Protein chains: 2
Amino acid sequence: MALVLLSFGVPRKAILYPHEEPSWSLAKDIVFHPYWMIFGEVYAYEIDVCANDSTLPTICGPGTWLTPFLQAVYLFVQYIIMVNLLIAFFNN
Amino acid sequence: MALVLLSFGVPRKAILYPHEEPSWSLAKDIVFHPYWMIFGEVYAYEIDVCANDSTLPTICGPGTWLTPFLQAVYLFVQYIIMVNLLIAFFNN
Ligand SMILES: CCCCCCCC/C=C/CCCCCCCC(=O)O[C@@H](COC(=O)CCCCCCCCCCCCCCC)COP(=O)([O-])OCC[N+](C)(C)C
Ligand SMILES: CCCCCCCC/C=C/CCCCCCCC(=O)O[C@@H](COC(=O)CCCCCCCCCCCCCCC)COP(=O)([O-])OCC[N+](C)(C)C
Ligand SMILES: CCCCCCCC/C=C/CCCCCCCC(=O)O[C@@H](COC(=O)CCCCCCCCCCCCCCC)COP(=O)([O-])OCC[N+](C)(C)C
Ligand SMILES: CCCCCCCC/C=C/CCCCCCCC(=O)O[C@@H](COC(=O)CCCCCCCCCCCCCCC)COP(=O)([O-])OCC[N+](C)(C)C
Ligand SMILES: CCCCCCCC/C=C\CCCCCCCC(=O)O[C@@H](COC(=O)CCCCCCCCCCCCCCC)COP(=O)([O-])OCC[N+](C)(C)C
Ligand SMILES: CCCCCCCC/C=C\CCCCCCCC(=O)O[C@@H](COC(=O)CCCCCCCCCCCCCCC)COP(=O)([O-])OCC[N+](C)(C)C
Ligand SMILES: C[C@@H]1CC[C@@]2(OC1)O[C@H]1C[C@H]3[C@@H]4CC=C5C[C@@H](OCCC(CO)CO)CC[C@]5(C)[C@H]4CC[C@]3(C)[C@H]1[C@@H]2C
Ligand SMILES: C[C@@H]1CC[C@@]2(OC1)O[C@H]1C[C@H]3[C@@H]4CC=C5C[C@@H](OCCC(CO)CO)CC[C@]5(C)[C@H]4CC[C@]3(C)[C@H]1[C@@H]2C
Ligand SMILES: [Ca+2]
């Protein structure tokens, strides 16, 4: 579950923030939002940053249409497979 | 689950509100948000009160960078261990 997290946070932070110099904030932002997604926080109005209801309208740019596809795969893996595999683990 | 709650709400309220005189509001605020976290309310824009998207920008101060680490441990214990232990309880 920690690897699926980094498989998602690093492409997302890279596609949505292309103009970043090296910073310790890059170690938070690859791990912060993808972790809070495991607990039901979808960040609904940050998905599709080019939408009109977006709360990140300045992040709209080339390639950012990829991130909602990425997060759809991410939560399917984490919530629909990995959290329920862990329920199944505990039950058995 | 009520003890993991107080293990989190008391360090959080202490780190984020250092300048408090004794008040009955201290018995609510150690128990209120940590309980609503069990039911999927992450308080996403109150985590990391020093962030730019924060809805508590005045709470930013010394030591407040500890609280997102604390809440990451908190929900892991409550949701990933304790809620699913309780599912496992009921199934068996
Ligand atoms: C057995 C358990 C052991 C733990 C194992 C796991 C290891 C956990 C390791 C995680 C790596 C975190 C590294 C922090 C990066 C530097 C932070 C920094 O510079 O300042 C930040 C620190 O202040 C905060 O408030 C944020 C602290 C991070 C919260 C982590 C919660 C998510 C849990 C994740 C769990 C999933 C882990 C998935 C696998 C990796 C603040 O903001 P900034 O912008 O970064 O800098 C300041 C600038 N500013 C003032 C403009 C805002
Ligand atoms: C079930 C329902 C689906 C029905 C079926 C038919 C599919 C329909 C698809 C049709 C493809 C055409 C869509 C784009 C329209 C034209 C260009 C355009 O407006 O681009 C937009 C984005 O979109 C893109 O840039 C491209 C998006 C392509 C993703 C398509 C997924 C393929 C199907 C499924 C893949 C799943 C996996 C497949 C394996 C099974 C531009 O808008 P923006 O992003 O807001 O940015 C603009 C602002 N900017 C200029 C600042 C950047
Ligand atoms: C079998 C079941 C039995 C129950 C067992 C559990 C014990 C339950 C007991 C919990 C302790 C409650 C102590 C209340 C403190 C005093 C509050 C007060 O005076 O006013 C508040 C009451 O109005 C509210 O809105 C808060 C009421 C608390 C709701 C509980 C929610 C969390 C669930 C709890 C469950 C988790 C417990 C985890 C374990 C501890 C309002 O605001 P204030 O600021 O406080 O005062 C007014 C000032 N102001 C106008 C400026 C706002
Ligand atoms: C997977 C990804 C991680 C990659 C690995 C490398 C780790 C990277 C970390 C590197 C450490 C350096 C980060 C801070 C940068 C310099 C100072 C700074 O800006 O501080 C910031 C906060 O942060 C702190 O004050 C310190 C944060 C330290 C905790 C880092 C986690 C340790 C590893 C994991 C721990 C898990 C458990 C470990 C056991 C397994 C200040 O910013 P702010 O908070 O916004 O407040 C500023 C405003 N104010 C002045 C009003 C207050
Ligand atoms: C699932 C199976 C495959 C099916 C998918 C079929 C292919 C999908 C369909 C179409 C392909 C992508 C093109 C459509 C959208 C283009 C419109 C556009 O400009 O968009 C953006 C740029 O976007 C780009 O420049 C995209 C470049 C290619 C991305 C890499 C391929 C991704 C496929 C992933 C496949 C993963 C498969 C994983 C395998 C398991 C917006 O650009 P702009 O801002 O408007 O430009 C002006 C910028 N300026 C102002 C700064 C100058
Ligand atoms: C997990 C395993 C161990 C690894 C831990 C890694 C250690 C982490 C690394 C380094 C230590 C922490 C400090 C680094 C950041 C300092 C930057 C800073 O100033 O931050 C803040 C202050 O914060 C402080 O002053 C905090 C001082 C130490 C806190 C106690 C240790 C926390 C580690 C717990 C470990 C738990 C272990 C649990 C064991 C299971 C912000 O200050 P400021 O607002 O900028 O100052 C101006 C304020 N003024 C304007 C009011 C004057
Ligand atoms: C197998 C796993 C693959 C993924 C991963 O774990 C192992 O690989 C690690 C390598 C890390 C980076 C190393 C170097 C730096 C440079 C630093 O530069 C300070 C500049 C300035 C501050 O302003 C100093 O004053 C900022 C942090 C950064 C980019 C790291 C980020 C986290 C990364 C990507 C980690 C990530 C979780
Ligand atoms: C084993 C467990 C450890 C944790 C815990 O349970 C047992 O320990 C309890 C002790 C409680 C405090 C006792 C005294 C007061 C003073 C009062 O002062 C009124 C001032 C003014 C109003 O403005 C009057 O006019 C405010 C409340 C406060 C701080 C209590 C808060 C809750 C606490 C921390 C409880 C907490 C849940
Ligand atoms: Ca939820």
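Definitions and cut-offs
- Residues numbered from 1 in each chain as written, not as in the entry; some residues may be left out.
- Chains lettered and ligands numbered in written order.
- Part of a larger assembly, values for the part shown.
- Heavy atoms only, no water.
- Salt bridge = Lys/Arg side-chain N within 4 Å of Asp/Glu carboxyl O.
- Helix = DSSP H or I, 4+ residues; strand = E, 2+ residues; numbered from the N terminus.
- Buried < 20%, exposed > 50% of the residue type's maximum accessible area, 1.4 Å probe, protein only.
- Disulfide = S-S within 2.5 Å.
- Contact = heavy atoms within 4.5 Å.
- Buried area = accessible area lost by both parts, 1.4 Å probe.
- Polar contact = N/O pair within 3.5 Å; in protein donor to acceptor, adjacent residues only side chain to side chain.

Structure determination for this entry, per the PDB record, employed cryo-EM and reached 2.61 Å resolution.

Tell me about the pattern of salt bridges, residues and numbers included.
Residue and element names in this part refer to chain A. A complete count under the given rule lists five salt bridges over all chains for this structure. A salt bridge links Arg12 to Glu46; its shortest N-O distance comes to 4.0 Å. In this pair, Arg12 is assigned in helix α1 (residues 2-16) and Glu46 in the loop between α3 (32-36) and α4 (67-91), connecting sequence segments 34 residues apart. Here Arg12 and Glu46 have matching classes, each one buried.

Outline the state of the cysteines, supporting the account with residue identities and numerical values.
All names here are of chain B. Applying the stated criterion to the full structure yields two disulfides over all chains. The side chain of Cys50 participates in a disulfide bridge whose partner is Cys60; the two sulfur atoms lie 2.0 Å from each other. Torsion about the S-S bond of the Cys50 and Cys60 cystine: about 105°, corresponding to right-handed handedness. Here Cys50, found in the loop between α3 (32-36) and α4 (67-91), pairs with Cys60, found in the loop between α3 and α4; they are 10 residues apart in sequence, far enough to count as distant. You can call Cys50 partly exposed: its relative accessible area is 39%. For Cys60, a relative accessible area of 39% gives the class partly exposed.

Tell me about the interface of chain A and chain B, and please be specific about residues and values.
Bring the parts together and some accessible area is lost; that lost area is often taken as the interface size. Each partner contributes residues to the interface: chain A has 17 residues there, and chain B has 21 residues. Across the interface of chain A and chain B, roughly 1,600 Å² is buried in total on both sides, 66% from carbon and sulfur atoms. Taken together, the connections running from chain A to chain B amount to one salt bridge. In this structure, the connection of chain A to chain B is made through four residue pairs in polar contact. If you list the elements that add at least two residues to the side of chain A that touches chain B, you get α3 and α4 of chain A. It is α4 of chain A that provides the largest number of residues to the side of chain A that touches chain B, a total of six residues.

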